[PDB]
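See structure below.
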Amino acid sequence: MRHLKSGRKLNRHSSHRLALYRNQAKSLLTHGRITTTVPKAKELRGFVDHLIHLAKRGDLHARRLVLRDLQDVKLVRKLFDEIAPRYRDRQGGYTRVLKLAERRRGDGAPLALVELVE
Amino acid sequence: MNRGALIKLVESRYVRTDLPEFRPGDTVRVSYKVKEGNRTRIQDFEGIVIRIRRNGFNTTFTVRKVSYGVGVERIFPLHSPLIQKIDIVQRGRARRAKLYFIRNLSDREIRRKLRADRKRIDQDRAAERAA
Amino acid sequence: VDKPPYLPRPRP
Amino acid sequence: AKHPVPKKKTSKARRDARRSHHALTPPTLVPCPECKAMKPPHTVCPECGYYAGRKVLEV
Amino acid sequence: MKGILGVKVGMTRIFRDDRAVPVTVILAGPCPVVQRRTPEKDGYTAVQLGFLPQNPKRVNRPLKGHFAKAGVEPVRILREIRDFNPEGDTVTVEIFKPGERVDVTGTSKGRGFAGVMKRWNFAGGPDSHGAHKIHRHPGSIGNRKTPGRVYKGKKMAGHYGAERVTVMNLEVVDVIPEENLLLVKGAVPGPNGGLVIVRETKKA
Amino acid sequence: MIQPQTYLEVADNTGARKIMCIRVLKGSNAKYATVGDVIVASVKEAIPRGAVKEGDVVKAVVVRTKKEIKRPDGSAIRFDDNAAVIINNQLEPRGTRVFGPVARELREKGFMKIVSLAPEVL
RNA sequence: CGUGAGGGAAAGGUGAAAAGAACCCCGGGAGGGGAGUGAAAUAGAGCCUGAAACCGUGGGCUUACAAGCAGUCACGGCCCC
RNA sequence: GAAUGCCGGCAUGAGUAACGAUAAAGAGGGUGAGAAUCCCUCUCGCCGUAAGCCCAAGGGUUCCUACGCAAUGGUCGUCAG
RNA sequence: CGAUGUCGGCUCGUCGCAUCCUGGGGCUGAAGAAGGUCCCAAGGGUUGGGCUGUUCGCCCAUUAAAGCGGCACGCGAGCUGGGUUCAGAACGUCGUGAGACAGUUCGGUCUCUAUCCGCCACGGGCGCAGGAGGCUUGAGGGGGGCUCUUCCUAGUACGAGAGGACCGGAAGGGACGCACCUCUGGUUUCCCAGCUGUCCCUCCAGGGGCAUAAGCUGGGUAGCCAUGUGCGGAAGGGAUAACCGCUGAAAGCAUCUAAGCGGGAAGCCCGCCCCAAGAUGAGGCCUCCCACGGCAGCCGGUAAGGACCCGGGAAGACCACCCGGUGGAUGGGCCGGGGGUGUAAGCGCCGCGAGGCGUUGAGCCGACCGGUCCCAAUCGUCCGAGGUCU
Ligand SMILES: [Mg+2]
Ligand SMILES: [Mg+2]
Ligand SMILES: [Mg+2]
Ligand SMILES: [Mg+2]
Ligand SMILES: [Mg+2]
Ligand SMILES: [Mg+2]
Ligand SMILES: [Mg+2]
Ligand SMILES: [Mg+2]
Ligand SMILES: [Mg+2]
Ligand SMILES: [Mg+2]
Ligand SMILES: [Mg+2]
Ligand SMILES: [Mg+2]
Ligand SMILES: [Mg+2]
Ligand SMILES: [Mg+2]
Ligand SMILES: [Mg+2]
Ligand SMILES: [Mg+2]
Ligand SMILES: [Mg+2]
Ligand SMILES: [Mg+2]
Ligand SMILES: [Mg+2]
Ligand SMILES: [Mg+2]
Ligand SMILES: [Mg+2]
Ligand SMILES: [Mg+2]
Ligand SMILES: [Mg+2]
Ligand SMILES: [Mg+2]
Ligand SMILES: [Mg+2]
Ligand SMILES: [Mg+2]
Ligand SMILES: [Mg+2]
Ligand SMILES: [Mg+2]
Ligand SMILES: [Mg+2]
Ligand SMILES: [Mg+2]
Ligand SMILES: [Mg+2]
Ligand SMILES: [Mg+2]
Ligand SMILES: [Mg+2]
Ligand SMILES: [Mg+2]
Ligand SMILES: [Mg+2]
Ligand SMILES: [Mg+2]
Ligand SMILES: [Mg+2]
Ligand SMILES: [Mg+2]
Ligand SMILES: [Mg+2]
Ligand SMILES: [Mg+2]
Ligand SMILES: [Mg+2]
Ligand SMILES: [Mg+2]
Ligand SMILES: [Mg+2]
Ligand SMILES: [Mg+2]
Ligand SMILES: [Mg+2]
Ligand SMILES: [Mg+2]
Ligand SMILES: [Mg+2]
Ligand SMILES: [Mg+2]
Ligand SMILES: [Mg+2]
Ligand SMILES: [Mg+2]
Ligand SMILES: [Mg+2]
Ligand SMILES: [Mg+2]
Ligand SMILES: [Mg+2]
Ligand SMILES: [Mg+2]
Ligand SMILES: [Mg+2]
Ligand SMILES: [Mg+2]
Ligand SMILES: [Mg+2]
Ligand SMILES: [Mg+2]
Ligand SMILES: [Mg+2]
Ligand SMILES: [Mg+2]
Ligand SMILES: [Mg+2]
Ligand SMILES: [Mg+2]
Ligand SMILES: [Mg+2]
Ligand SMILES: [Mg+2]
Ligand SMILES: [Mg+2]
Ligand SMILES: [Mg+2]
Ligand SMILES: [Mg+2]
Ligand SMILES: [Mg+2]
Ligand SMILES: [Mg+2]
Ligand SMILES: [Mg+2]
Ligand SMILES: [Mg+2]
Ligand SMILES: [Mg+2]
Ligand SMILES: [Mg+2]
Ligand SMILES: [Mg+2]
Ligand SMILES: [Mg+2]
Ligand SMILES: [Mg+2]
Ligand SMILES: [Mg+2]
Ligand SMILES: [Mg+2]
Ligand SMILES: [Mg+2]
Ligand SMILES: [Mg+2]
Ligand SMILES: [Mg+2]
Ligand SMILES: [Mg+2]
Ligand SMILES: [Mg+2]
Ligand SMILES: [Mg+2]
Ligand SMILES: [Mg+2]
Ligand SMILES: [Mg+2]
Ligand SMILES: [Mg+2]
Ligand SMILES: [Mg+2]
Ligand SMILES: [Mg+2]
Ligand SMILES: [Mg+2]
Ligand SMILES: [Mg+2]
Ligand SMILES: [Mg+2]
Ligand SMILES: [Mg+2]
Ligand SMILES: [Mg+2]
Ligand SMILES: [Mg+2]
Ligand SMILES: [Mg+2]
Ligand SMILES: [Mg+2]
Ligand SMILES: [Mg+2]
Ligand SMILES: [Mg+2]
Ligand SMILES: [Mg+2]
Ligand SMILES: [Mg+2]
Ligand SMILES: [Mg+2]
Ligand SMILES: [Mg+2]
Ligand SMILES: [Mg+2]
Ligand SMILES: [Mg+2]
Ligand SMILES: [Mg+2]
Ligand SMILES: [Mg+2]
Ligand SMILES: [Mg+2]
Ligand SMILES: [Mg+2]
Ligand SMILES: [Mg+2]
Ligand SMILES: [Mg+2]
Ligand SMILES: [Mg+2]
Ligand SMILES: [Mg+2]
Ligand SMILES: [Mg+2]
Ligand SMILES: [Mg+2]
Ligand SMILES: [Mg+2]
Ligand SMILES: [Mg+2]
Ligand SMILES: [Mg+2]
Ligand SMILES: [Mg+2]
Ligand SMILES: [Mg+2]
Ligand SMILES: [Mg+2]
Ligand SMILES: [Mg+2]
Ligand SMILES: [Mg+2]
Ligand SMILES: [Mg+2]
Ligand SMILES: [Mg+2]
Ligand SMILES: [Mg+2]
Ligand SMILES: [Mg+2]
Ligand SMILES: [Mg+2]
Ligand SMILES: [Mg+2]
Ligand SMILES: [Mg+2]
Ligand SMILES: [Mg+2]
Ligand SMILES: [Mg+2]
Ligand SMILES: [Mg+2]
Ligand SMILES: [Mg+2]
Ligand SMILES: [Mg+2]
Ligand SMILES: [Mg+2]
Ligand SMILES: [Mg+2]
Ligand SMILES: [Mg+2]
Ligand SMILES: [Mg+2]
Ligand SMILES: [Mg+2]
Ligand SMILES: [Mg+2]
Ligand SMILES: [Mg+2]
Ligand SMILES: [Mg+2]
Ligand SMILES: [Mg+2]
Ligand SMILES: [Mg+2]
Ligand SMILES: [Mg+2]
Ligand SMILES: [Mg+2]
Ligand SMILES: [Mg+2]
Ligand SMILES: [Mg+2]
Ligand SMILES: [Mg+2]
Ligand SMILES: [Mg+2]
Ligand SMILES: [Mg+2]
Ligand SMILES: [Mg+2]
Ligand SMILES: [Mg+2]
Ligand SMILES: [Mg+2]
Ligand SMILES: [Mg+2]
Ligand SMILES: [Mg+2]
Ligand SMILES: [Mg+2]
Ligand SMILES: [Mg+2]
Ligand SMILES: [Mg+2]
Ligand SMILES: [Mg+2]
Ligand SMILES: [Mg+2]
Ligand SMILES: [Mg+2]
Ligand SMILES: [Mg+2]
Ligand SMILES: [Mg+2]
Ligand SMILES: [Mg+2]
Ligand SMILES: [Mg+2]
Ligand SMILES: [Mg+2]
Ligand SMILES: [Mg+2]
Ligand SMILES: [Mg+2]
Ligand SMILES: [Mg+2]
Ligand SMILES: [Mg+2]
Ligand SMILES: [Mg+2]
Ligand SMILES: [Mg+2]
Ligand SMILES: [Mg+2]
Ligand SMILES: [Mg+2]
Ligand SMILES: [Mg+2]
Ligand SMILES: [Mg+2]
Ligand SMILES: [Mg+2]
Ligand SMILES: [Mg+2]
Ligand SMILES: [Mg+2]
Ligand SMILES: [Mg+2]
Ligand SMILES: [Mg+2]
Ligand SMILES: [Mg+2]
Ligand SMILES: [Mg+2]
Ligand SMILES: [Mg+2]
Ligand SMILES: [Mg+2]
Ligand SMILES: [Mg+2]
Ligand SMILES: [Mg+2]
Ligand SMILES: [Mg+2]
Ligand SMILES: [Mg+2]
Ligand SMILES: [Mg+2]
Ligand SMILES: [Mg+2]
Ligand SMILES: [Mg+2]
Ligand SMILES: [Mg+2]
Ligand SMILES: [Mg+2]
Ligand SMILES: [Mg+2]
Ligand SMILES: [Mg+2]
Ligand SMILES: [Mg+2]
Ligand SMILES: [Mg+2]
Ligand SMILES: [Mg+2]
Ligand SMILES: [Mg+2]
Ligand SMILES: [Mg+2]
Ligand SMILES: [Mg+2]
Ligand SMILES: [Mg+2]
Ligand SMILES: [Mg+2]
Ligand SMILES: [Mg+2]
Ligand SMILES: [Mg+2]
Ligand SMILES: [Mg+2]
Ligand SMILES: [Mg+2]
Ligand SMILES: [Mg+2]
Ligand SMILES: [Mg+2]
Ligand SMILES: [Mg+2]
Ligand SMILES: [Mg+2]
Ligand SMILES: [Mg+2]
Ligand SMILES: [Mg+2]
Ligand SMILES: [Mg+2]
Ligand SMILES: [Mg+2]
Ligand SMILES: [Mg+2]
Ligand SMILES: [Mg+2]
Ligand SMILES: [Mg+2]
Ligand SMILES: [Mg+2]
Ligand SMILES: [Mg+2]
Ligand SMILES: [Mg+2]
Ligand SMILES: [Mg+2]
Ligand SMILES: [Mg+2]
Ligand SMILES: [Mg+2]
Ligand SMILES: [Mg+2]
Ligand SMILES: [Mg+2]
Ligand SMILES: [Mg+2]
Ligand SMILES: [Mg+2]
Ligand SMILES: [Mg+2]
Ligand SMILES: [Mg+2]
Ligand SMILES: [Mg+2]
Ligand SMILES: [Mg+2]
Ligand SMILES: [Mg+2]
Ligand SMILES: [Mg+2]
Ligand SMILES: [Mg+2]
Ligand SMILES: [Mg+2]
Ligand SMILES: [Mg+2]
Ligand SMILES: [Mg+2]
Ligand SMILES: [Mg+2]
Ligand SMILES: [Mg+2]
Ligand SMILES: [Mg+2]
Ligand SMILES: [Mg+2]
Ligand SMILES: [Mg+2]
Ligand SMILES: [Mg+2]
Ligand SMILES: [Mg+2]
Ligand SMILES: [Mg+2]
Ligand SMILES: [Mg+2]
Ligand SMILES: [Mg+2]
Ligand SMILES: [Mg+2]
Ligand SMILES: [Mg+2]
Ligand SMILES: [Mg+2]
Ligand SMILES: [Mg+2]
Ligand SMILES: [Mg+2]
Ligand SMILES: [Mg+2]
Ligand SMILES: [Mg+2]
Ligand SMILES: [Mg+2]
Ligand SMILES: [Mg+2]
Ligand SMILES: [Mg+2]
Ligand SMILES: [Mg+2]
Ligand SMILES: [Mg+2]
Ligand SMILES: [Mg+2]
Ligand SMILES: [Mg+2]
Ligand SMILES: [Mg+2]
Ligand SMILES: [Mg+2]
Ligand SMILES: [Mg+2]
Ligand SMILES: [Mg+2]
Ligand SMILES: [Mg+2]
Ligand SMILES: [Zn+2]
């Protein structure tokens, strides 16, 4: 059973899942909007939201924290200097997921977009 | 409805507010009300607290002592009504939250591993200065 | 109880 | 195991009775309030790119 | 008989006479009677109780009608207590005083598809000495040509839980009427937040 | 939580050092013995010229267990070993001293003589 | 197929005549729909005839309280001539 | 009409088992009728006395480039021995 | 014999009763207690170990007891493979020999996919003469059914003594069952920390990957759990068995019986718990819609309601069930609490340095309890009565 358990497994072992999220985060913070499968998208929100919230702290500790997942100094600069300021007054919810209408040809996967909020 | 607050409301009548704070590594004397037929009395259990498992009114703490050549561990509820009082006898400095590891240590080895917590000792003596 | 088997075991 | 196997050929009747559940359910579709095109609900319209009133997407 | 509807809220222990007593807290009150079953009309005796207030924006017309004939704000849950006919038109936890024994009914936790070991406490197979992919299997399920079939009721894997369970003769440890609380000693079926029924016990 | 095959320290001066439980005397089929229960044991280890000798089948009451025991007041107690005191068929010690602390549960179960003889009762 | 000696298949038919379908239309193509050829195109090249098992579309009668080597005899209902 | 007959064709099991090492993936940009699968970039993971490199057997054009996707490829394919 | 796999074990039972225990009896060479022997009784129960491949048996420690049989000597498309039917090898023995032996010895390939019936679970369909949303009766099924020790009665009755009750009452257990997670105790694949090697970012500091599908180590929430906790067996009514009677003829006596009436089991029926109207014999109650347009039938639009879609869920393989969908707290963020870890980074100070001290119970922080419309459950579509005849 699964009673009151949080977190998708996404058919990956532990270290693969973590990398999955980190890489999606890098991609999202880089392009502002990506397309993935619906489950991946839904699960990305919180992972990235936390990273943005930390950038809203701005302090060194928060920078070094965010650097544990994002790993790219330029990216984190963009995160702190350009991205985070948009959300100074936003209380959470820095990302949205909206479902596309077409499934992938080769495997029928239902697709969604994930984007940073205005 | 707030199921959590309801439980807290039930618990509140039994909650204790009068015991000293202690940590794992501290050396403590628990004075415990005990029934021996047909009379009840206070028996003192004194040792190192190796564990404090928190759960609000339901937190409990485990105390370890060597008695006449045998190791004894006692588990007390932090809000038990059968606790008359608790005396801090010494403050020790753990570097981790559960001290099960001392079960395999000699009295000498333990003493080296749980140095006196000079900070909180001073703090104790720092209060204890009352108007 | 112990009686002789009437079949062998197997092969390919 | 000892390799189970069908005992008798399945009849045309029986094989088809198994399939009394195999029919596809047609896609559930609603009009997009912008361009009136038919599309699945709760998805961004693939024709004009609008969802919840706004343009979201380059189609 | 007497009974009430309620939700299981959670567990603790309290202290009583220098004893720790495990309790389940039940939010039981208050339950408006919304229909009475009578022998002239229905062929038996009971009270239909309502429980928990509902957004009237969710209550359809046939239901709205039902409530209205009883003059009762719309309620989320409707459930009967048999052979119980309270004087008032509202049943509260006060029908129980500490010391009474009650029977509690709930919906047990659901284990979904349960293997034969979890469900029926079968022994399963050995874990070494040659055991071949049968460690949690049930073994034989029959004989041979006589009877050449498997009994109805043969304990087997399948769904387990999420089913009506009544555990009986639980001590009422306290009741806190200002908050509609019942404290029952021991364990009650189902999850926190689950709907339960508390009836006066049938044991003597 | 003592069961057949379990070794116990013997906490008296009967001469036995170590016994191995071969039955828990508590009904048709008890799985475990706890503090206060009588077991039947084989003397697996003794010291020269005691009352008891290696090989003897004796009775003993468990006075300490490594599995913690729970108490109606919500507390528990747990010892570093499993120990027992060797008794006669009238439940009296066959020794004259008992060593180490013992569980207070013994008193309530009528092993009064042993409780008194013990240096501490916890 | 076999190291080798050696073993060893399957596979015929448009039409009298290529007159083997210009051109247009849907399609990436395959395929088709018109146009055209022919006495004939379900002779269109996956080509004479084109059986049977097997698969499918449409219609008539029938079937969700019933017991079977599936038929047979009787009667009744419905549909067709 | 039967020879576990012979040759062929087509069924059933069944939309079932499986799709061949649990080293592992994600996104953006191209191309195209069509892209999880082709090209490019970034991020991630795996081998490294090898899962890299060079000889000899054996294989025999499989090499390079252009144009293709019916079949071969255990899916897809615009890619390919 | 174009194959019905063969001992024993394991697993899972189910039945019989010639009954091992527990219940009820009669006789006893039955004082009491404890036995013997027969009768009624199949509801439940019937332990762990040493030896042997063993079934069996002996033995150890217990027990109320440690029952005996059937089900292809129950069960290898459930497992095992110790025994026994292959090929190797040796011993004793027999045979000139090759070889052989109800004589022995060591070794020796046990087959992923269930069509049908049957079984365990779960749906889809149609029906239950109007269509709907609820709440229910319970025909009929299933589950359960065990037992011991101590104390009081009372050291009384009985007995020379030892010993020691009936009836009645109270407490404490063992095994089993159902549920539960407050406590105890597990797990907790990334919740926190410490550690090594190496490669890397960015030199220091601080970090990341890899060392498993957690590198290793110490801890560890919720959940799922037992070793932990609650609760169950009944009570009670009724009809009986063996057995004991009351009244009572045939048969002036006698007789439990031929008329009639009593008492009497752990067993039988009810009672408890769970399923249940496909109970086609398709039940009942409360509420809602309503009398639509076109030729017991057809078509068209609706009603009450329902479904689709979506956010989810201690519900779940899919399905179903349940909750919610902006008139909203459903999930995700965010905030507060809980909880885990156990005092982050940075800076200052002390030390040559490894380090240490302070800032500081700090920093980090899954699920648990809540708040908050910041993000997403946008917008919608489709089906759905007009009530047959006595
Ligand atoms: Mg699992
Ligand atoms: Mg959850
Ligand atoms: Mg999950
Ligand atoms: Mg995760
Ligand atoms: Mg999921
Ligand atoms: Mg997988
Ligand atoms: Mg998987
Ligand atoms: Mg994957
Ligand atoms: Mg990891
Ligand atoms: Mg790893
Ligand atoms: Mg994660
Ligand atoms: Mg761009
Ligand atoms: Mg979070
Ligand atoms: Mg989608
Ligand atoms: Mg879709
Ligand atoms: Mg699609
Ligand atoms: Mg594909
Ligand atoms: Mg709580
Ligand atoms: Mg409150
Ligand atoms: Mg508190
Ligand atoms: Mg510390
Ligand atoms: Mg020393
Ligand atoms: Mg100080
Ligand atoms: Mg196998
Ligand atoms: Mg078949
Ligand atoms: Mg057939
Ligand atoms: Mg056939
Ligand atoms: Mg079939
Ligand atoms: Mg057909
Ligand atoms: Mg079929
Ligand atoms: Mg729109
Ligand atoms: Mg009634
Ligand atoms: Mg009634
Ligand atoms: Mg009544
Ligand atoms: Mg499992
Ligand atoms: Mg399990
Ligand atoms: Mg179970
Ligand atoms: Mg078990
Ligand atoms: Mg077992
Ligand atoms: Mg096991
Ligand atoms: Mg086993
Ligand atoms: Mg094997
Ligand atoms: Mg295995
Ligand atoms: Mg049969
Ligand atoms: Mg059944
Ligand atoms: Mg079953
Ligand atoms: Mg269920
Ligand atoms: Mg009930
Ligand atoms: Mg009770
Ligand atoms: Mg009771
Ligand atoms: Mg109280
Ligand atoms: Mg209910
Ligand atoms: Mg000792
Ligand atoms: Mg010896
Ligand atoms: Mg002896
Ligand atoms: Mg060849
Ligand atoms: Mg060749
Ligand atoms: Mg031909
Ligand atoms: Mg010709
Ligand atoms: Mg064209
Ligand atoms: Mg192309
Ligand atoms: Mg063409
Ligand atoms: Mg053409
Ligand atoms: Mg002609
Ligand atoms: Mg023509
Ligand atoms: Mg044509
Ligand atoms: Mg023709
Ligand atoms: Mg022709
Ligand atoms: Mg011809
Ligand atoms: Mg033809
Ligand atoms: Mg043809
Ligand atoms: Mg044909
Ligand atoms: Mg078809
Ligand atoms: Mg047809
Ligand atoms: Mg019938
Ligand atoms: Mg019919
Ligand atoms: Mg029929
Ligand atoms: Mg027949
Ligand atoms: Mg007939
Ligand atoms: Mg013939
Ligand atoms: Mg054949
Ligand atoms: Mg054949
Ligand atoms: Mg032949
Ligand atoms: Mg033939
Ligand atoms: Mg053939
Ligand atoms: Mg086929
Ligand atoms: Mg399928
Ligand atoms: Mg199948
Ligand atoms: Mg399958
Ligand atoms: Mg394969
Ligand atoms: Mg598969
Ligand atoms: Mg492969
Ligand atoms: Mg693979
Ligand atoms: Mg894989
Ligand atoms: Mg993969
Ligand atoms: Mg993926
Ligand atoms: Mg692209
Ligand atoms: Mg171009
Ligand atoms: Mg293009
Ligand atoms: Mg592709
Ligand atoms: Mg493609
Ligand atoms: Mg791509
Ligand atoms: Mg791939
Ligand atoms: Mg990148
Ligand atoms: Mg190297
Ligand atoms: Mg190497
Ligand atoms: Mg060459
Ligand atoms: Mg070649
Ligand atoms: Mg070539
Ligand atoms: Mg060139
Ligand atoms: Mg191709
Ligand atoms: Mg292709
Ligand atoms: Mg193609
Ligand atoms: Mg081809
Ligand atoms: Mg070509
Ligand atoms: Mg292909
Ligand atoms: Mg292949
Ligand atoms: Mg192309
Ligand atoms: Mg190319
Ligand atoms: Mg090439
Ligand atoms: Mg034969
Ligand atoms: Mg055969
Ligand atoms: Mg056969
Ligand atoms: Mg065995
Ligand atoms: Mg076994
Ligand atoms: Mg076993
Ligand atoms: Mg049977
Ligand atoms: Mg039996
Ligand atoms: Mg019989
Ligand atoms: Mg019978
Ligand atoms: Mg009999
Ligand atoms: Mg007999
Ligand atoms: Mg006899
Ligand atoms: Mg008896
Ligand atoms: Mg008896
Ligand atoms: Mg008797
Ligand atoms: Mg006598
Ligand atoms: Mg007697
Ligand atoms: Mg006598
Ligand atoms: Mg006799
Ligand atoms: Mg007798
Ligand atoms: Mg006899
Ligand atoms: Mg019986
Ligand atoms: Mg039996
Ligand atoms: Mg045994
Ligand atoms: Mg045995
Ligand atoms: Mg041995
Ligand atoms: Mg044995
Ligand atoms: Mg042996
Ligand atoms: Mg044996
Ligand atoms: Mg024997
Ligand atoms: Mg007896
Ligand atoms: Mg035995
Ligand atoms: Mg038997
Ligand atoms: Mg049997
Ligand atoms: Mg036999
Ligand atoms: Mg047998
Ligand atoms: Mg057998
Ligand atoms: Mg068999
Ligand atoms: Mg086998
Ligand atoms: Mg066998
Ligand atoms: Mg078999
Ligand atoms: Mg078979
Ligand atoms: Mg099995
Ligand atoms: Mg063998
Ligand atoms: Mg052997
Ligand atoms: Mg044999
Ligand atoms: Mg032989
Ligand atoms: Mg040999
Ligand atoms: Mg000779
Ligand atoms: Mg000779
Ligand atoms: Mg001779
Ligand atoms: Mg011979
Ligand atoms: Mg021979
Ligand atoms: Mg033999
Ligand atoms: Mg022989
Ligand atoms: Mg012999
Ligand atoms: Mg042998
Ligand atoms: Mg042999
Ligand atoms: Mg060997
Ligand atoms: Mg096998
Ligand atoms: Mg075979
Ligand atoms: Mg296999
Ligand atoms: Mg299969
Ligand atoms: Mg089947
Ligand atoms: Mg069949
Ligand atoms: Mg159904
Ligand atoms: Mg109706
Ligand atoms: Mg209904
Ligand atoms: Mg009734
Ligand atoms: Mg009934
Ligand atoms: Mg029936
Ligand atoms: Mg039954
Ligand atoms: Mg039963
Ligand atoms: Mg009892
Ligand atoms: Mg007395
Ligand atoms: Mg006397
Ligand atoms: Mg006396
Ligand atoms: Mg007295
Ligand atoms: Mg008396
Ligand atoms: Mg006398
Ligand atoms: Mg006496
Ligand atoms: Mg009594
Ligand atoms: Mg009891
Ligand atoms: Mg908890
Ligand atoms: Mg716990
Ligand atoms: Mg714990
Ligand atoms: Mg632990
Ligand atoms: Mg984390
Ligand atoms: Mg490192
Ligand atoms: Mg460094
Ligand atoms: Mg570092
Ligand atoms: Mg990490
Ligand atoms: Mg690396
Ligand atoms: Mg690693
Ligand atoms: Mg590596
Ligand atoms: Mg790896
Ligand atoms: Mg670990
Ligand atoms: Mg790590
Ligand atoms: Mg824990
Ligand atoms: Mg936990
Ligand atoms: Mg949780
Ligand atoms: Mg347990
Ligand atoms: Mg009990
Ligand atoms: Mg009775
Ligand atoms: Mg009665
Ligand atoms: Mg009676
Ligand atoms: Mg008389
Ligand atoms: Mg007379
Ligand atoms: Mg007379
Ligand atoms: Mg009579
Ligand atoms: Mg007569
Ligand atoms: Mg009578
Ligand atoms: Mg009884
Ligand atoms: Mg029901
Ligand atoms: Mg009905
Ligand atoms: Mg019903
Ligand atoms: Mg019937
Ligand atoms: Mg009817
Ligand atoms: Mg009805
Ligand atoms: Mg009724
Ligand atoms: Mg109602
Ligand atoms: Mg109208
Ligand atoms: Mg009108
Ligand atoms: Mg009309
Ligand atoms: Mg008209
Ligand atoms: Mg409507
Ligand atoms: Mg569930
Ligand atoms: Mg779901
Ligand atoms: Mg669905
Ligand atoms: Mg809804
Ligand atoms: Mg809506
Ligand atoms: Mg919104
Ligand atoms: Mg929420
Ligand atoms: Mg929230
Ligand atoms: Mg929180
Ligand atoms: Mg804390
Ligand atoms: Mg510090
Ligand atoms: Mg610091
Ligand atoms: Mg210095
Ligand atoms: Mg310095
Ligand atoms: Mg401070
Ligand atoms: Mg903080
Ligand atoms: Mg927090
Ligand atoms: Mg709270
Ligand atoms: Mg929350
Ligand atoms: Mg909003
Ligand atoms: Mg609000
Ligand atoms: Mg309509
Ligand atoms: Mg008339
Ligand atoms: Zn549109």
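Residues in the structure tokens are named by chain (A, B, ... in the order shown) and by number from 1 within that chain; ligands are numbered from 1 in the order shown.
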Neighbourhood of ligand 124 at 12 Å, counting only C-alpha atoms (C1' of nucleotides) and all ligand atoms, reported as a list in words: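 Every residue with an atom at most 12 Å from ligand 124 is listed here: residues 126 of chain E; 8, 9, 10, 11, 48, 49, 54 and 80 of chain I.
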Contact residues (chain A, partner chain E, 12 Å, only C-alpha atoms) as a PyMOL selection string: chain A and resi 1-4
For the residues selected in the previous step, produce a file with N, CA and C atoms as an mmCIF file, in the first residue's frame.
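File written: again.cif
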data_model
loop_
_atom_site.group_PDB
_atom_site.id
_atom_site.type_symbol
_atom_site.label_atom_id
_atom_site.label_comp_id
_atom_site.auth_asym_id
_atom_site.auth_seq_id
_atom_site.Cartn_x
_atom_site.Cartn_y
_atom_site.Cartn_z
ATOM 1 N N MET A 1 0.814 -1.200 0.000
ATOM 2 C CA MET A 1 0.000 0.000 0.000
ATOM 3 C C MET A 1 0.854 1.259 0.000
ATOM 4 N N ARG A 2 0.189 2.389 0.103
ATOM 5 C CA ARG A 2 0.765 3.654 -0.273
ATOM 6 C C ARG A 2 0.167 4.729 0.613
ATOM 7 N N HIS A 3 -0.456 4.299 1.704
ATOM 8 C CA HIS A 3 -1.310 5.170 2.500
ATOM 9 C C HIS A 3 -0.611 6.432 2.996
ATOM 10 N N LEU A 4 -1.093 7.570 2.514
ATOM 11 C CA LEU A 4 -0.572 8.892 2.889
ATOM 12 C C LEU A 4 0.912 9.067 2.585
#
Test item: residues no farther than 8 Å from ligand 48, counting only C-alpha atoms (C1' of nucleotides) and all ligand atoms, as number ranges by chain: E: 105, 166; I: 273
Output for the residues just chosen: C-alpha atoms (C1' of nucleotides) as a PDB file, in the first residue's frame:
ATOM      1  CA  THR E 105     -18.533   0.455  14.143  1.00  0.00           C
ATOM      2  CA  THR E 166     -17.626  -3.514  14.873  1.00  0.00           C
TER       3      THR E 166
ATOM      4  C1'   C I 273     -20.389 -10.289  14.413  1.00  0.00           C
TER       5        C I 273
END
Closest contacts (chain A/chain H, max 8 Å, only C-alpha atoms (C1' of nucleotides)) as CSV:
residue,atom,partner,partner_atom,distance
A:16,CA,H:24,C1',6.8
A:19,CA,H:44,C1',6.3
A:20,CA,H:26,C1',6.1
A:23,CA,H:26,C1',5.8
A:24,CA,H:26,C1',6.0
A:26,CA,H:43,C1',7.5
A:27,CA,H:27,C1',5.6
A:31,CA,H:28,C1',7.8
A:34,CA,H:27,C1',7.1
A:104,CA,H:36,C1',7.7
A:106,CA,H:76,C1',5.9
A:107,CA,H:36,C1',7.2
Using only C-alpha atoms (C1' of nucleotides) and all ligand atoms, I'd like a table of the residues in chain I that come within 9 Å of ligand 24; for each, show the closest atom pair and its distance in Å rounded to one decimal, ordered by chain and ascending number, as a tab-separated table.
residue	atom	partner	partner_atom_place_in_ligand_line	distance
I:110	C1'	ligand 24	1 (Mg)	8.7
I:111	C1'	ligand 24	1 (Mg)	7.2
I:112	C1'	ligand 24	1 (Mg)	7.0
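Atom pair atom CA of residue 69 of chain A / atom CA of residue 97 of chain A: separated by 21.3 Å.
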Residues of chain I within 8 Å of chain D, counting only C-alpha atoms (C1' of nucleotides), as a ChimeraX atom specification: /I:77,111,114-116,124,308-310,378-381
